[PDB]
Amino acid sequence: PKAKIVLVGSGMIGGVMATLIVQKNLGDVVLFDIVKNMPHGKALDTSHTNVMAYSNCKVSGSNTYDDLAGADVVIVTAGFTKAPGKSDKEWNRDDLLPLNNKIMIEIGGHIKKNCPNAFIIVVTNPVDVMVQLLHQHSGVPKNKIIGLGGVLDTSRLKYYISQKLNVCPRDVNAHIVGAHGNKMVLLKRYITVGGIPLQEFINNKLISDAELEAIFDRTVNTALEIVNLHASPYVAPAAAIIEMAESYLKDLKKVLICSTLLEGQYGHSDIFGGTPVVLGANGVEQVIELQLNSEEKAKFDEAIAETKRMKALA
Amino acid sequence: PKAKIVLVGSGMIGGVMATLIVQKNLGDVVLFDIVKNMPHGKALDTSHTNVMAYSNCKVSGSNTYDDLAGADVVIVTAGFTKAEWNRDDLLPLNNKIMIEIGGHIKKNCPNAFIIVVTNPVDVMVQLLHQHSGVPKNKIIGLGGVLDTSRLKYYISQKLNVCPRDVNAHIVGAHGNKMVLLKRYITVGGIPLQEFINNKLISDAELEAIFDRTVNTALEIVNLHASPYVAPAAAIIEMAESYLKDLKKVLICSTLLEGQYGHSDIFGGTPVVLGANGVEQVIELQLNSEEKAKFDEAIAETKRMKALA
Amino acid sequence: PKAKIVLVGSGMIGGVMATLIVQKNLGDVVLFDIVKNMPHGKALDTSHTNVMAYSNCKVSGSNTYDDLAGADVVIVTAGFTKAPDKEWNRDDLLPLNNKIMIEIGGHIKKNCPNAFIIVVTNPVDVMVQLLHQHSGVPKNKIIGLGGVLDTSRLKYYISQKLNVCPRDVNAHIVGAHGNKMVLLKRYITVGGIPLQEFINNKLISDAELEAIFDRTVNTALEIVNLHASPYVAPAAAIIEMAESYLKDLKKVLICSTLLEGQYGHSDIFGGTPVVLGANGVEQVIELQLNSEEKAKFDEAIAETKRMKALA
Amino acid sequence: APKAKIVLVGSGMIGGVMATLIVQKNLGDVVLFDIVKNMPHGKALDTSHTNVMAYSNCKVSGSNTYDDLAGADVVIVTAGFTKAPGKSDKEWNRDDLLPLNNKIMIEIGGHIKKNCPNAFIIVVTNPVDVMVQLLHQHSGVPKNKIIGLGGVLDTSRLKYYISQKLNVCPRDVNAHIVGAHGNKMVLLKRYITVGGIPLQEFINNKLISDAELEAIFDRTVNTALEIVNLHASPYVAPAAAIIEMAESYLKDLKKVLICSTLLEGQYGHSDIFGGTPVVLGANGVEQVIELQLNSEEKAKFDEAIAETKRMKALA
DNA sequence: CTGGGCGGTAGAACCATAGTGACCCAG
DNA sequence: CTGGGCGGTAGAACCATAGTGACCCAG
């Protein structure tokens, strides 16, 4: 039988996922949310695209975690992101930690009940924290659960570099590890263009250290830059998630940077962090540890510590 | 060079248009709107997806109609939609928007293929035809590709068959007075009647499906959503049959020049879309009752047109 | 894991099937043939395209039916087609290909009795049934290549006369693959509209259509005479059937299938629209033919029976 | 019109798979050309039917006249002699093909100058680094509009074998092979990457050894011969790689691809073609990327160019 | 006028979109 | 029983494919 993909959280990212799943004919889809009616309106609208996509994927809405039964893949986008109400007086980012943890407790008990064999991809912020919470509460194997990070962060670094150098955006390859968010580690040494080290282009003066540094800042701050323009980053995220999902379902064994459990790589254990892994039929088939230098380790360490500062507060 | 596609209106539907055009690598995309900054924001979000999709489309934002310069396709979703009061009251206002767009199309891309979406589409498209001055095989409205996609989908579900394998025609006007042609429905090329006679589906089941298709927009709004995914996709099907010269047969709103007995009005019929825009207008051989429904659809477009 | 697809026979049809399978990321592919080494060479050349296609399918060559182990789909193109010369009797190949089906079905029992089987070896409507008998698979799991291929020509020709998308023309040809095919002039449509309307509008004449039908019946023969032999369209038609099964698309497709009373016939295979999805043949759709068209159908079936008697 | 019109000059096995892929991918109208009578018409007629399966709308035509180059957007040249033409040709070696295939290129290039001076041309006829320059010389087209097939094909064998060893996606291996297509290709150990990471990190991790890499390198060099030794013939991958190049052009993808291109100073060489990564978009070769080779790598490039030169002198 | 207590994957209304700011009272 | 002319994007025939080897005299 066809893959069943559950979307836990039917907000904007969730809507773009549904769309791309039906474009790619990837599986049946359930748009789940606690908010009533709304996932149904989106599922119906999106289901008609089967005709235009020449696909055959059921799309439905849901308001019950019972719909997790038989799920092949679960994608968690739902969670608090801002002050929940007008009443929440002087609240900050950290305040959201106990609330999302409560959501992950609930979702994980239902995974454990309804789809202990699903492959799980967590997006809810801060993802490196949230993914570990959901791994702990679901009981799923460490290679069947991952967090969204590097694909997205890097797709913006690839893209900004590709514009300066006038090549296919995907012919830029870059790594960004450790954590998603402000403390992300941008690995200047591990950038390439058509498989050629970025440094050769800096030597030909096709791009300079300072323009690269400025691209490094714009990458770290992309989500802010977009919100400042009166929009919201949701298309990019959705597509990077679907890339990861697709690599699992179709067993492409792509090298993709995800948040994953470190069992001693980079000198860290029992914490999840961003690192390229190989994604196939078996989940995370390979965790690849980049042979960082000392100043690269130092940055990696500060991203891990920050993951740890927030985990403790959940 | 690569095709330039300009989205005139960057609300949700426009957002799904960019997205799809970058997945099929179909053209550079400009997201235009009068709302300051937001199109820049969405353009910037969408553009990153070149990477996941292996594409190489430039995706821009814009607040000037100057960026119509060199457009090969323009897609027009902008316009007043919300407020009892009378929906007819929006007609002169959206007429004023068509004027504006039209004269800018006159200046910057008189050779563009134009697709109109703004409701009521059959009126909006003619008004923009008229102010843009473009030739008549180069402008169309969205109508039946979207409408027939529900009908197609709903039937395929009852019959357990690939959605796309159901073909069905909906003519006349987009909206309330749309004409659902039961005699023109087929499943794998086979008339539906054969499946009714086999009792794989009943006449009253089909009737329920018909009412469901006419009220789909309303249903979705009732559900606390609003249709934009399917409309986007159906429009990108149109723009892609044109850009790739596929000559697909697609129902759309086009100028009637005597067909169905009507003139000087736009209305939903099958056409063939390809590199030359509207390449043929297929006029279905309607019996007398189907023709009474067509006529009511047209008279409704006319009645709205007179108020524009 | 990914779908395993065994191609039993690695002539040129086999080759195009492995390419498209890799282009569509459909499944690992095994090219089997009785001829030594040749399938390993083709496997090797095909496996490279994974890189250009962004796919990840294994392509292996084999000379052993043991490689049928774990197959999800099996496509049988192997068999004698050529004379031992000049004027001779093509019926002579019937018994010989019968032995081959016997042998394949022997190993299909052993190795992959749950596989979906697609048979191509001509005359297909006889060979498919022969393989159904010697393999023992459910009748919803074994179909022959027929109408997807034949109609694709019909649809293609009409599309060129009318200047629309090839795919926007639909038509049915049923009964048998080959010279007795029944071309149903009443079931052709163009973007969902009866052909008759375009006929009434003088955009294609009745005579033009008849000449198009003659050409659809004689397409193989026209290709051979231009010194080619048709294998691209066949491969792609088989890949359409395959895909609909593997991706559970539920496409309506004309295939050689087991008849249980439809068109008045039983215990024979013949061409008819089916629905293909993850359960195999999911519906056998019986066209509501008038007795003139039905008479054509019995002609096609009679021929199939006659050839079946000689195998 | 656009559609693109793509003319396959040579309707043999590679031309056959190319036409098919062009239809699968809706890339444009296809003319299968060849001097052999009728066969291109038959092949083009079999291939035309697949438009229905593919949901495409490409014309597929046969032709026996160079007149059908009129209005081509892309020309792909696979025609040429690859073996001793006849039983009567005794004691032929590879060099003897050079004058024959040169005559072919004079004939093709004359017709391009006449009917499609603005086409983009991809040459595949072996030895390809000599043949592309001969067609450049005899056609008169700009140097950014003519390339030969080399590195995309060779690199796909090395990306492949590595990926099998490391159990990753074949295309998440990137590698560079330069200089020339054939025996003297230069395999750059230093440039290999697996999902963006130097192959040296996996070697350090003992996931692949230096000796296994070397043996993979030998296989890459001899793949054509290893296929033919198994009673088959490499035509699928070649046709795939060619379509990859063509596509990057017809869609202005600006992919970095290794092609045989005109060297003007890069690697210390001029007035010769050789394999190097290039950028291919709407304007043809939009950039020629010179890899920053070290002196032993460059001595290798120098043996590749030398060989190309030796054969060029013989055409 | 505050201060805090709900209750919240918030809450209005702006108005060619959607991020910003979005409660309620007792006392 | 060799030799070499002509003509060749070669040429037979082996056959469950296709690469290998594939002409034809005049002396």
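In what follows, chains carry the letters A, B, and so on, assigned in the order in which the sequence lines appear, proteins first and then strands, with residues in each chain numbered from 1.
Distance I13(B) CD1 to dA16(E) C1': 13 Å, rounded to the nearest Å. Atom P of nucleotide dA16(E) and atom CE of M98(B) are separated by 14 Å, given to the nearest angstrom. Atom CG of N64(D) is separated from atom P of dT9(F) by 12 Å (rounded to the nearest Å). In this structure, the CG atom of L134(D) is 20 Å from the P atom of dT9(F), given to the nearest Å. Atoms CD1 (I100(C)) and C1' (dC15(F)) sit 12 Å apart, rounded to a whole Å. For the pair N37(C) CG and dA16(F) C1', the interatomic distance rounds to 15 Å; values are reported in whole Å. Atom CH2 of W85(B) and atom P of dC15(E) are 16 Å apart (whole Å). When the P atom of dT9(F) is taken as reference, atom OH of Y66(D) falls 11 Å away, rounded to whole Å.
Between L96(A) and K82(A), the shortest heavy-atom distance links the atoms CD2-O, 3.5 Å. Of all non-hydrogen atoms in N100(A) and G79(A), the two that sit nearest each other are OD1-CA, 3.3 Å. Annotation for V124(D) and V128(D): closest pair O-CB, 4.0 Å, computed over non-hydrogen atoms. Listed here is the closest heavy atom pair of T81(A) and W91(A): O-CH2, 4.1 Å. Nearest heavy-atom pair across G15(C) and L31(C) is N-CD2, 4.4 Å. Shortest non-hydrogen contact noted between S63(D) and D68(D) is OG-OD2, 2.6 Å.
Taking atom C1' in both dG8(E) and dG4(E), the straight-line distance is 15 Å, to the nearest Å. Remark: the separation of the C1' atoms in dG27(E) and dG5(E) is 14 Å, to the nearest Å. Comparing the same atom, P, in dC15(E) and in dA10(E) gives a spacing of 24 Å after rounding to whole Å. The separation of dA12(E) from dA22(E), taken at their P atoms, amounts to 11 Å, rounded to a whole angstrom. If you take atom P in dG11(E) and the same atom in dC1(E), they sit 29 Å apart, rounded to whole Å. Using P as the reference atom, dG21(F) and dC25(F) are 24 Å apart when rounded to the nearest Å. Rounded to the nearest Å, the gap between the P atom of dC24(F) and that of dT9(F) is 16 Å.
Judged by distance alone, the side chain of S229(C) and the main-chain N or O of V224(C) form no donor-acceptor pair under 3.5 Å. Of the possible donor and acceptor atoms, none in the side chain of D33(B) sits under 3.5 Å from a partner among the backbone N and O of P39(B). The closest donor-acceptor contact from the side chain of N102(D) to the backbone of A315(D) lies under 3.5 Å. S60(B) contributes no side-chain N or O that, together with a main-chain N or O of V30(B), makes up a donor-acceptor pair within less than 3.5 Å.
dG19(E) has a negative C1'-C2'-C3'-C4' torsion, placing its sugar in the south range. Judged by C1'-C2'-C3'-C4', the furanose ring of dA22(F) adopts a north pucker. Going by the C1'-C2'-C3'-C4' torsion, the sugar of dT20(F) sits on the south side, since that angle is negative. Residue note: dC1(E) shows a north-type sugar, the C1'-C2'-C3'-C4' torsion being above zero.
Among the atoms of the strands shown, base atoms are found under 4.0 Å from some heavy atom of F32(A).
Neighbouring bases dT17(F) and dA18(F) form a stack, their six-membered ring centres lying under 5.5 angstrom apart with planes under 30 degrees. With centres closer than 5.5 angstrom and planes tilted by less than 30 degrees, the six-membered rings of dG21(E) and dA22(E) count as a stacked pair. For the consecutive pair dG19(E)/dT20(E), the pyrimidine-type rings sit with centres less than 5.5 Å apart and planes less than 30° apart, qualifying as a stack.
Taking a pair as Watson-Crick or G-U wobble with both distances under 3.5 Å, DNA chain E forms stems of 3 or more consecutive pairs at E:2-5 with E:23-26.
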Going 5' to 3' through nucleotides 17-27 of chain E and flagging B where a protein heavy-atom sits under 4.0 Å of the base, S where only the sugar-phosphate is that close, and - otherwise, we get BBBSBBB----
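Taking the nucleotide of DNA chain E with the nearest heavy atom to each of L99(A) and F80(B), the more 5' of the two is matched to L99(A). DNA chain F is contacted by both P84(C) and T81(C); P84(C) maps to the nucleotide lying nearer its 5′ end (nearest heavy atom per residue).
Regarding the sugar-base torsion, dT9(E) falls in the syn class, its angle being within 90° of 0.
The side chain of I34(A) has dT9(E) as its nearest neighbour among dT9(E), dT9(F), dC15(F).
Between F33(D) and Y66(D), the angle of the ring planes lies from 30° to 60°, which puts this pair in the tilted group.
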